[PDB]
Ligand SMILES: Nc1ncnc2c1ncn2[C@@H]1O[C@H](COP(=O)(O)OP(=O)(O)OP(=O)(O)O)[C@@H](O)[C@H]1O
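One chain comes next, on its own, written as structure tokens: the form deposited without the named molecule.
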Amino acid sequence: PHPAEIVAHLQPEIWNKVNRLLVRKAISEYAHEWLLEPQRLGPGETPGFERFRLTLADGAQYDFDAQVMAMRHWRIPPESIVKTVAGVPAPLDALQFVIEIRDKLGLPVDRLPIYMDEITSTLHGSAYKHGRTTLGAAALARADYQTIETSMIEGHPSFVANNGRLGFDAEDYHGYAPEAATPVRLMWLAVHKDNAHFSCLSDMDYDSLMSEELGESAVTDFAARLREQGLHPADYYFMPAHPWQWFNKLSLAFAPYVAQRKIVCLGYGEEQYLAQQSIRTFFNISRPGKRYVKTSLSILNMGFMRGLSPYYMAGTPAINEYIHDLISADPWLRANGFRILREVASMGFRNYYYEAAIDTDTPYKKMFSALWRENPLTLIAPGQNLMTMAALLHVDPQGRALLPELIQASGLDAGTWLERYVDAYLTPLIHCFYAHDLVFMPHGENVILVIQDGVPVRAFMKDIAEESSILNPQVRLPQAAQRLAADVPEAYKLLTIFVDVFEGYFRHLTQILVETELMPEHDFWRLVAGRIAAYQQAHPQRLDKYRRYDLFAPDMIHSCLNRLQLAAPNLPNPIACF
């Protein structure tokens, strides 16, 4: 339609809103990572807080209220932030804020503009989310799996520039952005076996996967269309791709292969999907029980997004199959309910041009891949619902948190609710590490909570082959799942808990718990500590390991996500006192 509509969501008032919100996160997170060292001025405008000041570049000054919580966390009320330049009141402008601290960021002056664009696109995305007609916290807490998934707003809670989606143009955004909730249909391509290869669980094959995913009429029509145009279906696999990847990468940079007919565009599938929060993973909304489809997508989001490297193209299902058997044969895990969502099949098209040119790891070897992942809706009972754990940190555009509504709907009290939640989420991770040296990437985006009438019953873990490690070089592994085993320094064994769970997620959850007056910070950590202690007491025989990898150590390693993206002293351990 009218070319102006794709930016219709960019209004002055809403822009100012999301900018104030981002400056708050920028200050809180940068200060958390020692990038900023706020100086205390005096009492806050609200008793619980102190007034702080940042004296910056361009004569810019920011005063704000803050309560420094555990793990050097800066809790800042957004409305308390006041900016002045040389004494003159100024509007909160997150982009301008980044410019004013460009010297502290440490960015090289050629990546700076890129990071600026990541901030801008993050704001662009924020503006859309806050202006879109969406469910409020109360209604959202009671909504279905996919509604909650698409209604998410914050993204990764630590990264300031977390929703760049650089690569999408203004039209791509409205069609492919998860927040737009626009049904997408896959691009289906015939890939030559000279370049393409396939892997799946021991108990399945390509023929049975395609039969379940595409159906027989579709596969038939694909082999017929190849054969009609003079090709041999025998030399081909059928492979799904993100439409954006086809139009922007595969049809262009992969031109030689298209021209030589190693890649043949078969067109759109008939079934529709909804992009998940990972943008390039799709939930089938047209058919019941179908698998997620995860495709390679060459956009820039935080890091530059990938796709199965040659190794993972081949070993992904092997790794998932080993891990699923491990968790299945574990009596404790079986009783807990914790379970992974298997990437059951994967396929990769290999670009021998890029591989001959670059002998090291590169995003250029990961531009054409796909995998299929277990659908969790088939693995739960009637009366249960699924929600991304990211939902626990959700605050609607009116400022209302989802968590209090969720806990209210459960009928439990915050204490009992948070215990149910901790044993469904944290305890199993801690068991996997102690019993199996098995670690994941346990953040809000990767954990799907099984909810039963407001109550957290158990949890699924996804994103397995590329995040999972067995911190034991001696574990006996199938030949294809070998990179699973890792030889890691001692001080990095518990990183997954200290860094990924505690500082990466719990750190943000306690801010919600305090803002909503659900629970005092210290009460939450006593709770967390009691669950770990309870688990340990019930499995006393690994006391040797509990001592060697001390979860109750005074301090812990502090990983600065933002500092790493742009590319610390240990942090007091919140449960060390218990």
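One-based numbering along the sequence shown. The term rigid core refers to the most C-alpha atoms you can superpose between the two forms while keeping them within 1.5 Å.
One more form of this protein, deposited with the named molecule bound, exists but is not displayed; see below.
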For this session: Could you check which residue among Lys294, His394, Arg291, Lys262 gets a heavy atom within 4.5 Å of the named molecule in the entry with it bound?
Result: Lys294
Exercise. Considering the named molecule in the entry with it bound, which of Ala196, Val160, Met313, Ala390 comes within 4.5 Å of it through any heavy atom?
Worked result: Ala390
Exercise. According to a 4.5 angstroms non-hydrogen atom cut-off, is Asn446 in contact with the named molecule in the entry with it bound?
Worked result: yes
Problem set entry | Contact test in the entry with it bound: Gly155 vs the named molecule, heavy atoms, 4.5 Å | yes
Exercise. Should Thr220 be counted as a contact of the named molecule in the entry with it bound, where contact means heavy atoms within 4.5 Å?
Worked result: no
Exercise. Does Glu100 reach the named molecule in the entry with it bound, with heavy atoms at most 4.5 Å apart?
Worked result: no
Problem set entry | Listed range touching the named molecule, judged in the entry with it bound by heavy atoms within 4.5 Å, from 70-78, 236-244, 396-404, 295-303 | 295-303
Seminar exercise, completed: Near the named molecule in the entry with it bound, with a heavy atom at 4.5 Å or closer, the residues from 267-295 are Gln277, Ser278, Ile279, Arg280, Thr281, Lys294
For this session: Report the residue, chosen from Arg75, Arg306, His436, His192, for which the CA moves 2 Å or more between the shown form and the other one after the rigid core is overlaid.
Result: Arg306
